[PDB]
Each structure stands twice: as structure tokens, then as C-alpha cells.
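Number of protein chains: 2
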Amino acid sequence: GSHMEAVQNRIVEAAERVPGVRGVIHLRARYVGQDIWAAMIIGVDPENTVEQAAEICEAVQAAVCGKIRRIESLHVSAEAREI
Amino acid sequence: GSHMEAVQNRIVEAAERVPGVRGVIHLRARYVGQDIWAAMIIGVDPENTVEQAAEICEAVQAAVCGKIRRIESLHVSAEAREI
Numbered sequence: 211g212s213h214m215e216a217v218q219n220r221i222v223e224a225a226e227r228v229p230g231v232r233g234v235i236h237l238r239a240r241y242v243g244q245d246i247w248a249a250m251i252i253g254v255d256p257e258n259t260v261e262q263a264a265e266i267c268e269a270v271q272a273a274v275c276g277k278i279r280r281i282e283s284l285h286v287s288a289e290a291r292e293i
Numbered sequence: 211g212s213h214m215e216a217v218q219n220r221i222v223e224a225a226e227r228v229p230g231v232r233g234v235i236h237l238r239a240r241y242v243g244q245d246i247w248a249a250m251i252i253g254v255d256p257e258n259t260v261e262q263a264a265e266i267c268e269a270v271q272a273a274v275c276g277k278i279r280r281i282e283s284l285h286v287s288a289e290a291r292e293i
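Protein chains in written order, with PDB author numbering: chain A, 211 to 293; chain A', 211 to 293. A prime marks a further copy of an entry chain.
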């Protein structure tokens, strides 16, 4: 913690910058040693296709893991969300 | 178990009969006392909208809980799936 809060901040921020993300609805992050393992849910446009939602999830996973190096496991899922 | 396997059978079967379900991809079911609590993932058409996928999930939840009375908690989520 404290230092976790700073990491979580960077995860939320990294995710929100990815096209199609309507907020991070949920983020659970934990230290396994010096590595982070995490799970998040993002908001998506309810009219996107399931495919697009899966694409946005992958894109988040890559942007986030691309920016926070200590992350060794991130699962990203999606939920319909209004703006 | 044994009797769990019979319940799980009925959950899979109930789910597959619901329009838009492309198989049950995952089912975790457990006894809390004499009640079942469960979580499942269904296949959906990747071109459905996220909204439709959420609708199909609710419809599964209701059909299944409507048919297996001992179920007191069922969460249903969806994943893109090819036929």
C-alpha cells in the first residue's frame, strides 16, 4: 500500500487512455513478491459488439502491461456502461 | 458429488436451451448447505452487442434458477464463441 496506491493509479490512468474504455469499473491488484497480479473490469459502449469489447480488453492489457513493468498477470473484462 | 453431477447437468441443459447460448463454456457450482451457489460463462455470437450478451446472461440466470430451485446464487457472464 501507499506504493500500491501509486501503481493502481497508473493502472487506472493507463486503461482510461485506451480507445473504447468508459472508465475502470473495478480493479483488484496484489503483490506476488515484487510482481503485481491484477484483474480489472472496464466500461464499454453497450452497442459495441462482443468482439469489439474483447479487442478493447486486449488493448488495455497491452497498454497497461506496456506501461507498468512490474505487472506479471493482468486479466481485463468488460461491462456495458453509459457515459 | 454424484448428486452434484446431476444438478450440474440440469444447469448446463437449462442454459443451452436459452436463445443466444452457444454452449456453457464454464460452470463452477458448490453447495452452501443445501443451496447451490454457482458461476457460469456462456458462449455468445461475437457480433451480438454487449447489451444482447447481457440480456442473454439474465435470461439464462432466470431459466436456470427457474428450473433448479435449490440454486440461491447464480452469476452468468459471456464470451465470444464460434459455432
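From the three backbone atoms N, C-alpha and C, an ideal C-beta is built for every residue, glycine too.
Where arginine 240 of chain A is concerned, the enclosing beta strand (DSSP E) starts and stops at 234–242. From the beta-carbon of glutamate 257 of chain A', the residues of chain A found nearer than 7 Å are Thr259, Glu261.
Taking 4 residues as the minimum length, the alpha helix (DSSP H) runs contained wholly in the stretch 256–293 of chain A are 260–275, in order along the chain. Counting only residues of its own chain and dropping the five nearest sequence neighbours on each side, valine 231 of chain A' has a CB closer than 8 Å to the CB of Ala225, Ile252, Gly253, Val254, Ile266, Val270. Taking a Cβ-Cβ threshold of 9 Å, the residues of chain A' close to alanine 264 of chain A are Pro256, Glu289, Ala290, in chain order. The DSSP-derived three-state label of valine 231 of chain A is coil. Residue environment analysis places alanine 248 of chain A among the buried positions, since at least 16 neighbouring C-beta atoms fall within 10 angstroms of its C-beta.
Residue range 245–254 is occupied by the beta strand (DSSP E) that includes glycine 253 of chain A'.
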